[PDB]
>>> print(open('data-v3.csv').read())   # CSV, C-alpha atoms and all ligand atoms
chain,number,residue,atom,x,y,z
A,62,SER,CA,45.2,214.0,-106.8
A,63,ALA,CA,42.5,211.5,-105.9
A,64,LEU,CA,43.5,207.9,-106.5
A,65,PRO,CA,41.1,205.4,-108.1
A,66,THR,CA,38.9,203.1,-105.9
A,67,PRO,CA,38.5,199.4,-106.2
A,68,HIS,CA,35.0,199.9,-107.6
A,69,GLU,CA,36.2,202.3,-110.2
A,70,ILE,CA,39.0,200.1,-111.4
A,71,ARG,CA,36.7,197.1,-111.4
A,72,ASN,CA,34.3,198.8,-113.8
A,73,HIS,CA,37.2,199.7,-116.0
A,74,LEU,CA,38.2,196.1,-116.3
A,75,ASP,CA,34.6,194.9,-116.8
A,76,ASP,CA,34.7,196.7,-120.2
A,77,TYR,CA,37.6,194.4,-121.3
A,78,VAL,CA,37.0,191.1,-119.3
A,79,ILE,CA,34.0,188.9,-119.0
A,80,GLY,CA,33.2,186.0,-116.6
A,81,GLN,CA,35.8,186.7,-113.9
A,82,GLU,CA,34.6,188.2,-110.6
A,83,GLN,CA,37.0,186.7,-108.0
A,84,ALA,CA,40.1,187.6,-110.0
A,85,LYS,CA,39.1,191.3,-110.4
A,86,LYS,CA,38.8,191.7,-106.6
A,87,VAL,CA,42.4,190.6,-106.1
A,88,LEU,CA,44.0,192.9,-108.6
A,89,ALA,CA,41.9,195.9,-107.5
A,90,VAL,CA,42.7,195.5,-103.8
A,91,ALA,CA,46.4,194.8,-104.5
A,92,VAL,CA,46.9,197.7,-106.9
A,93,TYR,CA,44.9,199.9,-104.6
A,94,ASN,CA,47.0,199.0,-101.6
A,95,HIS,CA,50.2,199.3,-103.7
A,96,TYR,CA,49.6,203.1,-104.3
A,97,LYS,CA,49.1,203.6,-100.6
A,98,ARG,CA,52.3,201.8,-99.6
A,99,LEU,CA,54.5,203.6,-102.0
A,100,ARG,CA,52.8,206.9,-101.3
A,101,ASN,CA,53.5,206.7,-97.6
A,102,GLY,CA,57.0,205.3,-97.9
A,103,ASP,CA,57.5,204.5,-94.2
A,104,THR,CA,56.8,208.1,-93.4
A,105,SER,CA,53.5,207.7,-91.6
A,106,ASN,CA,52.9,206.0,-88.3
A,107,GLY,CA,53.0,202.6,-90.1
A,108,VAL,CA,56.7,201.6,-90.3
A,109,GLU,CA,58.1,198.7,-92.3
A,110,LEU,CA,55.2,198.4,-94.7
A,111,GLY,CA,55.1,194.9,-96.1
A,112,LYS,CA,54.4,193.6,-99.6
A,113,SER,CA,51.8,191.1,-101.0
A,114,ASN,CA,52.3,189.6,-104.4
A,115,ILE,CA,49.7,187.8,-106.5
A,116,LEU,CA,49.5,184.3,-108.0
A,117,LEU,CA,47.0,183.8,-110.8
A,118,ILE,CA,46.0,180.3,-111.7
A,119,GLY,CA,43.6,179.2,-114.5
A,120,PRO,CA,43.3,177.1,-117.7
A,121,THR,CA,44.7,178.2,-121.0
A,122,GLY,CA,42.9,180.9,-122.9
A,123,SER,CA,41.1,182.0,-119.7
A,124,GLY,CA,42.2,185.6,-119.8
A,125,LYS,CA,45.2,185.8,-117.5
A,126,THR,CA,47.3,187.6,-120.1
A,127,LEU,CA,44.4,190.0,-120.8
A,128,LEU,CA,44.2,191.2,-117.2
A,129,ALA,CA,47.9,192.0,-117.2
A,130,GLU,CA,47.7,194.0,-120.4
A,131,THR,CA,44.3,195.8,-119.8
A,132,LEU,CA,45.4,196.8,-116.3
A,133,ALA,CA,48.4,198.6,-117.6
A,134,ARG,CA,46.3,201.1,-119.6
A,135,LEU,CA,44.6,202.6,-116.5
A,136,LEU,CA,47.7,202.0,-114.4
A,137,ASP,CA,49.9,205.1,-113.9
A,138,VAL,CA,53.1,203.4,-112.9
A,139,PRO,CA,54.8,201.4,-115.7
A,140,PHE,CA,54.2,197.7,-116.5
A,141,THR,CA,56.1,195.0,-118.3
A,142,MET,CA,55.6,191.3,-119.4
A,143,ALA,CA,58.2,188.6,-119.5
A,144,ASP,CA,58.4,184.8,-119.5
A,145,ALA,CA,60.4,182.5,-117.2
A,146,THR,CA,60.6,179.5,-119.6
A,147,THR,CA,63.8,181.0,-121.0
A,148,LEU,CA,65.4,181.7,-117.6
A,149,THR,CA,68.4,179.8,-116.4
A,150,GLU,CA,70.4,179.4,-113.2
A,151,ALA,CA,72.9,182.3,-113.3
A,152,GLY,CA,75.4,181.2,-115.9
A,153,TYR,CA,73.9,178.7,-118.4
A,154,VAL,CA,73.5,179.6,-122.1
A,155,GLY,CA,69.8,180.4,-122.0
A,156,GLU,CA,69.2,183.6,-120.0
A,157,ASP,CA,69.8,185.5,-116.8
A,158,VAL,CA,67.3,186.5,-114.1
A,159,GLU,CA,68.2,190.2,-114.4
A,160,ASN,CA,66.8,190.3,-118.0
A,161,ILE,CA,63.3,191.1,-116.5
A,162,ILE,CA,64.6,194.4,-115.0
A,163,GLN,CA,66.1,195.4,-118.3
A,164,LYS,CA,62.7,195.2,-120.1
A,165,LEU,CA,61.2,197.2,-117.2
A,166,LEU,CA,63.4,200.2,-117.7
A,167,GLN,CA,62.6,200.4,-121.4
A,168,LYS,CA,58.9,201.2,-120.5
A,169,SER,CA,60.0,203.8,-117.8
A,170,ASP,CA,62.7,205.4,-120.1
A,171,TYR,CA,65.5,204.5,-117.7
A,172,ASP,CA,64.0,206.1,-114.6
A,173,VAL,CA,65.1,204.2,-111.5
A,174,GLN,CA,63.0,206.3,-109.1
A,175,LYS,CA,59.9,205.6,-111.3
A,176,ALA,CA,60.7,202.0,-112.1
A,177,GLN,CA,60.8,200.8,-108.5
A,178,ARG,CA,57.2,201.9,-108.2
A,179,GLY,CA,56.2,199.8,-111.2
A,180,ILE,CA,54.5,196.4,-111.7
A,181,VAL,CA,55.8,193.2,-113.2
A,182,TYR,CA,54.1,190.1,-114.6
A,183,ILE,CA,55.4,186.6,-115.3
A,184,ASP,CA,53.9,184.1,-117.7
A,185,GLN,CA,54.2,180.3,-118.0
A,186,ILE,CA,55.2,179.6,-114.4
A,187,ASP,CA,54.3,175.9,-114.6
A,188,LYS,CA,57.5,175.3,-116.6
A,189,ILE,CA,59.6,176.1,-113.5
A,190,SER,CA,58.1,173.2,-111.4
A,191,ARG,CA,60.3,170.3,-110.3
A,192,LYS,CA,61.1,168.0,-113.3
A,193,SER,CA,63.0,165.1,-111.7
A,194,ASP,CA,60.7,164.0,-108.9
A,195,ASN,CA,63.1,164.5,-105.9
A,196,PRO,CA,66.1,165.1,-108.3
A,197,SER,CA,69.2,163.1,-108.9
A,198,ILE,CA,72.8,163.9,-110.1
A,199,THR,CA,71.6,165.6,-113.2
A,200,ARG,CA,71.3,169.0,-111.3
A,201,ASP,CA,68.1,170.3,-112.9
A,202,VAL,CA,68.7,173.9,-114.2
A,203,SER,CA,65.4,174.8,-116.0
A,204,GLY,CA,63.4,173.8,-112.9
A,205,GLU,CA,64.3,174.1,-109.2
A,206,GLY,CA,67.5,176.1,-109.9
A,207,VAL,CA,65.4,179.0,-111.2
A,208,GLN,CA,63.0,179.2,-108.2
A,209,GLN,CA,65.9,179.7,-105.7
A,210,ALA,CA,67.2,182.6,-107.7
A,211,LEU,CA,63.8,184.4,-107.8
A,212,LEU,CA,63.5,184.1,-104.0
A,213,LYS,CA,65.6,187.2,-103.3
A,214,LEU,CA,64.2,189.2,-106.2
A,215,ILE,CA,60.6,188.9,-104.9
A,216,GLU,CA,61.5,189.9,-101.4
A,217,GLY,CA,63.7,192.9,-102.2
A,218,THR,CA,67.4,193.5,-102.8
A,219,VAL,CA,69.8,195.4,-105.0
A,220,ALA,CA,70.7,194.0,-108.5
A,221,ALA,CA,72.7,194.7,-111.6
A,222,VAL,CA,71.3,196.0,-115.0
A,223,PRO,CA,73.2,196.8,-118.2
A,224,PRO,CA,72.8,200.4,-119.1
A,225,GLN,CA,72.5,200.2,-122.9
A,226,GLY,CA,72.7,196.5,-123.9
A,227,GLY,CA,75.8,195.1,-122.3
A,228,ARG,CA,76.6,191.7,-120.7
A,233,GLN,CA,81.9,198.1,-117.2
A,234,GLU,CA,79.0,200.0,-115.7
A,235,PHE,CA,76.1,198.6,-113.5
A,236,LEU,CA,73.3,200.5,-111.9
A,237,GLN,CA,71.8,199.5,-108.6
A,238,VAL,CA,68.0,199.1,-108.5
A,239,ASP,CA,66.0,198.0,-105.4
A,240,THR,CA,63.0,195.6,-105.8
A,241,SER,CA,61.4,195.5,-102.3
A,242,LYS,CA,58.7,197.9,-103.5
A,243,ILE,CA,58.2,196.3,-106.9
A,244,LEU,CA,55.2,194.0,-107.2
A,245,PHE,CA,55.1,190.7,-109.1
A,246,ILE,CA,52.2,188.8,-110.6
B,2,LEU,CA,54.2,135.4,-109.2
B,3,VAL,CA,56.3,137.6,-106.9
B,4,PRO,CA,55.0,141.0,-105.8
B,5,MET,CA,57.1,144.1,-106.4
B,6,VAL,CA,57.8,146.7,-103.7
B,7,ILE,CA,59.1,150.3,-103.8
B,8,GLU,CA,62.1,151.4,-101.6
B,9,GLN,CA,62.4,155.0,-100.7
B,10,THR,CA,66.0,156.3,-101.0
B,11,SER,CA,67.6,159.7,-101.0
B,12,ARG,CA,68.5,159.4,-104.7
B,13,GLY,CA,65.1,158.3,-105.8
B,14,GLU,CA,62.5,155.6,-105.9
B,15,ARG,CA,63.5,152.0,-106.8
B,16,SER,CA,61.4,149.0,-107.8
B,17,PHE,CA,62.6,145.8,-106.2
B,18,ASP,CA,61.2,142.3,-105.9
B,19,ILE,CA,60.2,140.9,-102.4
B,20,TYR,CA,63.3,138.6,-102.5
B,21,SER,CA,65.7,141.2,-103.7
B,22,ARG,CA,64.5,143.7,-101.0
B,23,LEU,CA,65.4,141.4,-98.2
B,24,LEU,CA,68.7,140.5,-99.8
B,25,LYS,CA,69.8,144.1,-99.5
B,26,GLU,CA,69.4,143.7,-95.7
B,27,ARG,CA,71.7,140.6,-95.5
B,28,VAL,CA,68.8,138.1,-95.6
B,29,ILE,CA,68.9,134.8,-97.5
B,30,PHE,CA,66.0,132.4,-98.2
B,31,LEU,CA,66.5,128.6,-98.3
B,32,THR,CA,63.3,127.1,-99.8
B,33,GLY,CA,62.5,123.6,-101.1
B,34,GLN,CA,64.8,120.7,-101.8
B,35,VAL,CA,68.6,121.2,-101.6
B,36,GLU,CA,70.0,120.7,-105.1
B,37,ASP,CA,73.0,121.8,-107.2
B,38,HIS,CA,71.3,124.8,-108.7
B,39,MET,CA,69.7,126.3,-105.6
B,40,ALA,CA,72.8,125.7,-103.6
B,41,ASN,CA,75.1,127.4,-106.1
B,42,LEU,CA,72.8,130.5,-105.9
B,43,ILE,CA,73.1,130.8,-102.1
B,44,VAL,CA,76.9,130.7,-102.3
B,45,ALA,CA,77.0,133.7,-104.6
B,46,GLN,CA,74.8,135.6,-102.3
B,47,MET,CA,76.9,134.9,-99.2
B,48,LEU,CA,80.1,135.9,-101.1
B,49,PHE,CA,78.5,139.1,-102.4
B,50,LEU,CA,77.5,140.1,-98.9
B,51,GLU,CA,80.9,139.4,-97.6
B,52,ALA,CA,82.5,142.0,-99.9
B,53,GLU,CA,79.8,144.5,-99.2
B,54,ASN,CA,80.2,144.3,-95.4
B,55,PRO,CA,82.5,141.8,-93.6
B,56,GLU,CA,81.4,142.9,-90.0
B,57,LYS,CA,77.6,142.6,-90.2
B,58,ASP,CA,75.7,139.4,-89.3
B,59,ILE,CA,73.9,137.5,-92.1
B,60,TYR,CA,70.4,136.1,-91.7
B,61,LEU,CA,69.7,132.6,-93.1
B,62,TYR,CA,66.1,131.3,-93.1
B,63,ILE,CA,66.0,127.5,-93.4
B,64,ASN,CA,62.7,125.9,-94.4
B,65,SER,CA,63.4,122.8,-96.5
B,66,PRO,CA,62.8,119.0,-96.4
B,67,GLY,CA,66.5,118.3,-97.2
B,68,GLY,CA,68.1,116.9,-100.3
B,69,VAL,CA,71.4,116.1,-101.8
B,70,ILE,CA,74.4,115.9,-99.4
B,71,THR,CA,77.1,117.1,-101.7
B,72,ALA,CA,75.1,120.2,-102.6
B,73,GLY,CA,74.7,121.1,-98.9
B,74,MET,CA,78.4,120.5,-97.9
B,75,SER,CA,79.4,123.3,-100.3
B,76,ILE,CA,77.4,125.8,-98.3
B,77,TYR,CA,78.7,124.5,-94.9
B,78,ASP,CA,82.3,125.2,-95.8
B,79,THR,CA,81.4,128.6,-97.1
B,80,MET,CA,79.6,129.6,-93.9
B,81,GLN,CA,82.7,128.6,-91.9
B,82,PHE,CA,85.2,130.1,-94.3
B,83,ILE,CA,83.8,133.7,-94.4
B,84,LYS,CA,84.3,136.0,-91.4
B,85,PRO,CA,80.7,137.3,-90.8
B,86,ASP,CA,78.5,135.4,-88.4
B,87,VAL,CA,75.7,133.6,-90.4
B,88,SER,CA,72.6,133.7,-88.1
B,89,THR,CA,70.3,130.8,-88.7
B,90,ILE,CA,66.6,130.5,-88.1
B,91,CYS,CA,64.4,127.3,-88.4
B,92,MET,CA,61.0,127.9,-90.0
B,93,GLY,CA,58.5,125.0,-90.5
B,94,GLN,CA,60.9,122.1,-90.7
B,95,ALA,CA,64.6,121.1,-90.8
B,96,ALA,CA,65.5,117.7,-92.3
B,97,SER,CA,68.9,115.9,-92.1
B,98,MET,CA,70.7,118.4,-94.4
B,99,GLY,CA,68.5,121.4,-93.4
B,100,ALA,CA,69.3,120.7,-89.7
B,101,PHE,CA,73.0,120.4,-90.4
B,102,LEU,CA,73.2,123.9,-91.9
B,103,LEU,CA,71.1,125.2,-88.9
B,104,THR,CA,73.4,123.9,-86.2
B,105,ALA,CA,76.4,125.0,-88.4
B,106,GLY,CA,75.5,128.6,-87.8
B,107,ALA,CA,77.5,130.9,-85.5
B,108,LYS,CA,77.5,129.9,-81.9
B,109,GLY,CA,75.1,132.0,-79.8
B,110,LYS,CA,73.1,133.3,-82.9
B,111,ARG,CA,71.0,130.2,-83.7
B,112,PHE,CA,67.3,130.2,-83.0
B,113,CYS,CA,64.3,128.0,-83.7
B,114,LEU,CA,60.6,129.0,-83.9
B,115,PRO,CA,58.3,127.7,-81.2
B,116,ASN,CA,56.4,125.3,-83.5
B,117,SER,CA,59.3,124.3,-85.8
B,118,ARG,CA,60.5,120.7,-86.0
B,119,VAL,CA,63.9,119.2,-86.7
B,120,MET,CA,64.6,115.7,-88.2
B,121,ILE,CA,67.9,113.9,-88.5
B,122,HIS,CA,68.8,110.5,-90.0
B,123,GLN,CA,71.7,108.8,-91.8
B,124,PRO,CA,72.7,109.4,-95.4
B,125,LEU,CA,70.6,107.7,-98.1
B,126,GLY,CA,72.0,106.1,-101.2
B,127,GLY,CA,72.1,103.1,-103.5
B,128,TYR,CA,73.8,101.5,-106.5
B,129,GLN,CA,73.3,98.8,-109.1
B,130,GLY,CA,76.1,96.9,-110.7
B,131,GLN,CA,78.9,94.5,-110.1
B,132,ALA,CA,79.9,93.6,-106.5
B,133,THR,CA,83.3,95.3,-106.9
B,134,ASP,CA,81.6,98.6,-107.7
B,135,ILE,CA,79.1,98.3,-104.8
B,136,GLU,CA,82.0,98.0,-102.4
B,137,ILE,CA,83.5,101.2,-103.7
B,138,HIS,CA,80.3,103.2,-103.4
B,139,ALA,CA,79.5,101.5,-100.0
B,140,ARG,CA,82.8,102.6,-98.5
B,141,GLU,CA,82.3,106.2,-99.8
B,142,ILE,CA,78.8,106.6,-98.4
B,143,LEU,CA,80.1,105.2,-95.0
B,144,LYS,CA,82.8,107.9,-94.8
B,145,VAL,CA,80.2,110.6,-95.4
B,146,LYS,CA,78.1,109.3,-92.6
B,147,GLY,CA,81.1,109.3,-90.3
B,148,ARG,CA,82.1,112.8,-91.4
B,149,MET,CA,78.6,114.2,-90.9
B,150,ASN,CA,78.5,112.8,-87.3
B,151,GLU,CA,81.9,114.4,-86.4
B,152,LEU,CA,80.8,117.9,-87.5
B,153,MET,CA,77.4,117.5,-85.8
B,154,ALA,CA,79.1,116.8,-82.5
B,155,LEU,CA,81.4,119.7,-82.9
B,156,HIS,CA,78.6,122.3,-83.1
B,157,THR,CA,76.1,120.5,-80.9
B,158,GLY,CA,78.8,119.7,-78.3
B,159,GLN,CA,77.5,116.1,-77.8
B,160,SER,CA,79.8,113.1,-78.1
B,161,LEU,CA,80.3,111.2,-81.3
B,162,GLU,CA,78.8,108.1,-79.9
B,163,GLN,CA,75.6,109.8,-78.9
B,164,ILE,CA,75.1,111.3,-82.4
B,165,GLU,CA,75.7,107.9,-84.0
B,166,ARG,CA,73.0,106.1,-81.9
B,167,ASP,CA,70.4,108.9,-82.5
B,168,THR,CA,71.0,109.1,-86.3
B,169,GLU,CA,70.6,105.3,-87.0
B,170,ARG,CA,66.9,106.1,-87.7
B,171,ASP,CA,64.7,109.1,-88.2
B,172,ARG,CA,64.5,111.2,-85.0
B,173,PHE,CA,62.2,114.2,-84.6
B,174,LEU,CA,63.1,117.0,-82.2
B,175,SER,CA,60.6,119.7,-81.2
B,176,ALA,CA,61.8,123.3,-80.6
B,177,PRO,CA,62.3,123.0,-76.8
B,178,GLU,CA,64.2,119.7,-77.1
B,179,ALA,CA,66.5,121.3,-79.7
B,180,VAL,CA,67.7,123.8,-77.2
B,181,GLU,CA,68.4,121.1,-74.6
B,182,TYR,CA,70.3,119.1,-77.3
B,183,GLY,CA,72.7,122.0,-78.1
B,184,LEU,CA,71.4,122.3,-81.6
B,185,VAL,CA,70.1,125.9,-81.1
B,186,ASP,CA,70.5,128.6,-78.4
B,187,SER,CA,67.0,130.0,-77.9
B,188,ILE,CA,63.5,130.6,-79.3
B,189,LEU,CA,62.2,133.8,-80.7
B,190,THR,CA,58.7,133.6,-79.2
B,191,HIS,CA,57.8,137.4,-79.3
B,192,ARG,CA,59.5,140.6,-80.4
B,193,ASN,CA,61.4,142.6,-77.7
A,301,LIG,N1,37.5,186.7,-120.0
A,301,LIG,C1,37.8,187.1,-121.2
A,301,LIG,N2,37.1,188.1,-121.8
A,301,LIG,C2,37.4,188.5,-123.0
A,301,LIG,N3,38.3,188.0,-123.8
A,301,LIG,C3,39.0,187.0,-123.3
A,301,LIG,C4,38.8,186.5,-122.0
A,301,LIG,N4,39.7,185.5,-121.7
A,301,LIG,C5,40.4,185.4,-122.8
A,301,LIG,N5,40.0,186.3,-123.8
A,301,LIG,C6,40.6,186.4,-125.2
A,301,LIG,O1,41.7,185.5,-125.3
A,301,LIG,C7,42.9,186.1,-125.6
A,301,LIG,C8,44.0,185.5,-124.9
A,301,LIG,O2,43.8,185.5,-123.5
A,301,LIG,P1,44.9,185.0,-122.5
A,301,LIG,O3,45.0,185.9,-121.2
A,301,LIG,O4,46.2,184.9,-123.2
A,301,LIG,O5,44.5,183.6,-122.0
A,301,LIG,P2,45.4,182.8,-121.0
A,301,LIG,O6,44.5,182.1,-120.0
A,301,LIG,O7,46.2,183.9,-120.3
A,301,LIG,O8,46.3,181.8,-121.7
A,301,LIG,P3,47.8,181.7,-121.3
A,301,LIG,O9,48.2,182.9,-120.3
A,301,LIG,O10,48.8,181.8,-122.5
A,301,LIG,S1,48.1,180.1,-120.3
A,301,LIG,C9,42.6,187.6,-125.2
A,301,LIG,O11,43.4,188.5,-125.9
A,301,LIG,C10,41.2,187.8,-125.5
A,301,LIG,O12,40.9,188.1,-126.8
>>> encode(input="data-v3.csv", output="structure tokens")
Amino acid sequence: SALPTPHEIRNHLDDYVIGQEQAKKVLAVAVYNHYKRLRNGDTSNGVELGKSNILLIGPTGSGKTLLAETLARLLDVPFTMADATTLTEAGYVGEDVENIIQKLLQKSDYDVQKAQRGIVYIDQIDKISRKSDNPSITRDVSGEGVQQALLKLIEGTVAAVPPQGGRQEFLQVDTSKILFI
Amino acid sequence: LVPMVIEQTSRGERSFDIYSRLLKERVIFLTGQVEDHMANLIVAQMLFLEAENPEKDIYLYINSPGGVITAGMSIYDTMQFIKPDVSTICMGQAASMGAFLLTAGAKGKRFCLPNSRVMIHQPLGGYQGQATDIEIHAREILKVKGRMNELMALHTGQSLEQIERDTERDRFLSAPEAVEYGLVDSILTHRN
């Protein structure tokens, strides 16, 4: 039950990505440290093991989406891919923040114990940026209002997920151990 | 041309002209000759500030060589009518009518710059026509001269006979002499 090393996973990504050295080091070390944190589960001498998410930045067509997809092939824990452009501030017509967790369970076949150990990716984060330049009465929803909702999600807390496509049964799913890119 | 400035507020940024920015702080500018158009504009500003805040002092900067008398008297009654104390400052020069609005300010809130100069004289006029019409306009301009001296004594504290003798001809008063004359209260040499 030997886990992969940063060098082994890096060579695996080299066969699908070209011209990106610094970005490979981040995902390799983060994914490597992820397995160690979940494997220990505050059972070793190290108590209250923290978390470290990743923020990828680059021009369009640079290969950000490729690293998220190619990484999932070698990855054992599940993986998903969503977009925050459609997200709203808990009640508007567009979407809800918990939709991300719904797509995550489809890949894990509704396994809460296995989904918490998974990985999540977000695309088109620039659309969430402040729109109104020190906002006014309009109460921006697509922008600032979305960031504040994600705050608790990235840190870790319980949530609510529909079991089979609802919008009277809700399952609790922690997110402190879940990684976000 | 007038430069534009940006004011930082909680709601957002706002572009204001240099004159409109100062107006928001209860500051009025009196520049050039006193005429019917410029005087009617200052009255609207004073009335607007009265409604916005009746307990805050107004700042009135006076730098003008004087002008029409009737245009200036409309401002004098307005300053005395409204409740707020209209603070007056003399910048550059203060002629006959410019000086009258300076001394007409609230008592104790009148200042003059260290190099300013005040000038006071009698009303100017003229007429051309029949002798009967000259007598009518002559009696009228004489009443104005008498009325302007009565009010000048009221704010300056001097006697009516003293103001009459000094206003027969042009009389220049430097900034220190204006304090001794009761026209102003002090000088704003430096900031404290
Ligand atoms: N470094 C790369 N090596 C090989 N193919 C690449 C590389 N970068 C981009 N591609 C190709 O470009 C396609 C799209 O890559 P993306 O990751 O979507 O680019 P992008 O920078 O993520 O654009 P976004 O995420 O929509 S802003 C991939 O499916 C590859 O075919």
>>> atom_distance(input="data-v3.csv", atom1="CA of residue 192 (chain A)", atom2="CA of residue 117 (chain A)")
21.3 Å
>>> residues_near_ligand(input="data-v3.csv", ligand="ligand LIG 301 (chain A)", cutoff="7 Å", atoms="only C-alpha atoms and all ligand atoms", output="PyMOL selection string")
chain A and resi 77-81+119-128+184-185
>>> atom_distance(input="data-v3.csv", atom1="CA of residue 106 (chain B)", atom2="CA of residue 163 (chain B)")
20.8 Å
>>> residues_around(input="data-v3.csv", residues="region 126-129 of chain B", least_positions_apart="4", cutoff="10 Å", atoms="only C-alpha atoms", output="PyMOL selection string")
chain B and resi 134-136+138-139+142
>>> interface_residues(input="data-v3.csv", of="chain B", to="chain A", cutoff="9 Å", atoms="only C-alpha atoms", output="VMD selection string")
chain B and resid 11 to 14
>>> atom_distance(input="data-v3.csv", atom1="CA of residue 217 (chain A)", atom2="CA of residue 242 (chain A)")
7.2 Å
>>> closest_residue(input="data-v3.csv", among="B:36, B:111, B:27, B:97", to="residue 48 (chain B)", atoms="all atoms listed in the file")
B:27
>>> residues_near_point(input="data-v3.csv", point="(81.0, 133.0, -86.7)", cutoff="12 Å", atoms="only C-alpha atoms", output="JSON, numbers by chain")
{"B": [55, 56, 57, 58, 59, 79, 80, 81, 82, 83, 84, 85, 86, 87, 88, 89, 104, 105, 106, 107, 108, 109, 110, 111, 156]}
>>> write_last_selection(input="data-v3.csv", atoms="C-alpha atoms", output="tab-separated table (two decimals), in the coordinates of the input")
chain	number	residue	atom	x	y	z
B	55	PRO	CA	82.50	141.80	-93.60
B	56	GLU	CA	81.40	142.90	-90.00
B	57	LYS	CA	77.60	142.60	-90.20
B	58	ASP	CA	75.70	139.40	-89.30
B	59	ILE	CA	73.90	137.50	-92.10
B	79	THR	CA	81.40	128.60	-97.10
B	80	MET	CA	79.60	129.60	-93.90
B	81	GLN	CA	82.70	128.60	-91.90
B	82	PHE	CA	85.20	130.10	-94.30
B	83	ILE	CA	83.80	133.70	-94.40
B	84	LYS	CA	84.30	136.00	-91.40
B	85	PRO	CA	80.70	137.30	-90.80
B	86	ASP	CA	78.50	135.40	-88.40
B	87	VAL	CA	75.70	133.60	-90.40
B	88	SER	CA	72.60	133.70	-88.10
B	89	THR	CA	70.30	130.80	-88.70
B	104	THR	CA	73.40	123.90	-86.20
B	105	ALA	CA	76.40	125.00	-88.40
B	106	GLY	CA	75.50	128.60	-87.80
B	107	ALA	CA	77.50	130.90	-85.50
B	108	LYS	CA	77.50	129.90	-81.90
B	109	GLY	CA	75.10	132.00	-79.80
B	110	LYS	CA	73.10	133.30	-82.90
B	111	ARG	CA	71.00	130.20	-83.70
B	156	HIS	CA	78.60	122.30	-83.10
>>> residues_around(input="data-v3.csv", residues="residue 171 (chain B)", least_positions_apart="2", cutoff="12 Å", atoms="all atoms listed in the file", output="ChimeraX atom specification")
/B:96-97,119-125,165-169,173-174
>>> closest_residue(input="data-v3.csv", among="B:102, B:64, B:191, B:118", to="residue 157 (chain B)", atoms="only C-alpha atoms")
B:102
>>> residues_around(input="data-v3.csv", residues="residue 178 (chain B)", least_positions_apart="2", cutoff="12 Å", atoms="only C-alpha atoms", output="ChimeraX atom specification")
/B:113,115-120,172-176,180-188
>>> write_last_selection(input="data-v3.csv", atoms="C-alpha atoms", output="PDB file, keeping the file's coordinate frame")
ATOM      1  CA  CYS B 113      64.300 128.000 -83.700  1.00  0.00           C
ATOM      2  CA  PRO B 115      58.300 127.700 -81.200  1.00  0.00           C
ATOM      3  CA  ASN B 116      56.400 125.300 -83.500  1.00  0.00           C
ATOM      4  CA  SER B 117      59.300 124.300 -85.800  1.00  0.00           C
ATOM      5  CA  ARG B 118      60.500 120.700 -86.000  1.00  0.00           C
ATOM      6  CA  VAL B 119      63.900 119.200 -86.700  1.00  0.00           C
ATOM      7  CA  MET B 120      64.600 115.700 -88.200  1.00  0.00           C
ATOM      8  CA  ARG B 172      64.500 111.200 -85.000  1.00  0.00           C
ATOM      9  CA  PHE B 173      62.200 114.200 -84.600  1.00  0.00           C
ATOM     10  CA  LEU B 174      63.100 117.000 -82.200  1.00  0.00           C
ATOM     11  CA  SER B 175      60.600 119.700 -81.200  1.00  0.00           C
ATOM     12  CA  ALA B 176      61.800 123.300 -80.600  1.00  0.00           C
ATOM     13  CA  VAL B 180      67.700 123.800 -77.200  1.00  0.00           C
ATOM     14  CA  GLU B 181      68.400 121.100 -74.600  1.00  0.00           C
ATOM     15  CA  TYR B 182      70.300 119.100 -77.300  1.00  0.00           C
ATOM     16  CA  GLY B 183      72.700 122.000 -78.100  1.00  0.00           C
ATOM     17  CA  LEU B 184      71.400 122.300 -81.600  1.00  0.00           C
ATOM     18  CA  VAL B 185      70.100 125.900 -81.100  1.00  0.00           C
ATOM     19  CA  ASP B 186      70.500 128.600 -78.400  1.00  0.00           C
ATOM     20  CA  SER B 187      67.000 130.000 -77.900  1.00  0.00           C
ATOM     21  CA  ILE B 188      63.500 130.600 -79.300  1.00  0.00           C
TER      22      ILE B 188
END
>>> closest_residue(input="data-v3.csv", among="A:71, A:134, A:175, A:168", to="residue 87 (chain A)", atoms="all atoms listed in the file")
A:71
>>> closest_residue(input="data-v3.csv", among="A:73, A:228, A:164, A:178", to="residue 143 (chain A)", atoms="only C-alpha atoms")
A:164
>>> closest_residue(input="data-v3.csv", among="B:150, B:69, B:62, B:145", to="residue 38 (chain B)", atoms="only C-alpha atoms")
B:69
>>> residues_near_point(input="data-v3.csv", point="(72.8, 192.3, -100.1)", cutoff="12 Å", atoms="all atoms listed in the file", output="number ranges by chain")
A: 213-214, 216-221, 237-240
>>> residues_around(input="data-v3.csv", residues="residue 186 (chain A)", least_positions_apart="6", cutoff="12 Å", atoms="all atoms listed in the file", output="PyMOL selection string")
chain A and resi 116-119+143-148+203-205+207-208+211+246
>>> write_last_selection(input="data-v3.csv", atoms="C-alpha atoms", output="compact mmCIF listing (two decimals), keeping the file's coordinate frame")
# COMPACT_ATOMS: atom_id res chain seq x y z
CA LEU A 116 49.50 184.30 -108.00
CA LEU A 117 47.00 183.80 -110.80
CA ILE A 118 46.00 180.30 -111.70
CA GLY A 119 43.60 179.20 -114.50
CA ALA A 143 58.20 188.60 -119.50
CA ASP A 144 58.40 184.80 -119.50
CA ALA A 145 60.40 182.50 -117.20
CA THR A 146 60.60 179.50 -119.60
CA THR A 147 63.80 181.00 -121.00
CA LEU A 148 65.40 181.70 -117.60
CA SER A 203 65.40 174.80 -116.00
CA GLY A 204 63.40 173.80 -112.90
CA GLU A 205 64.30 174.10 -109.20
CA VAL A 207 65.40 179.00 -111.20
CA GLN A 208 63.00 179.20 -108.20
CA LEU A 211 63.80 184.40 -107.80
CA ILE A 246 52.20 188.80 -110.60
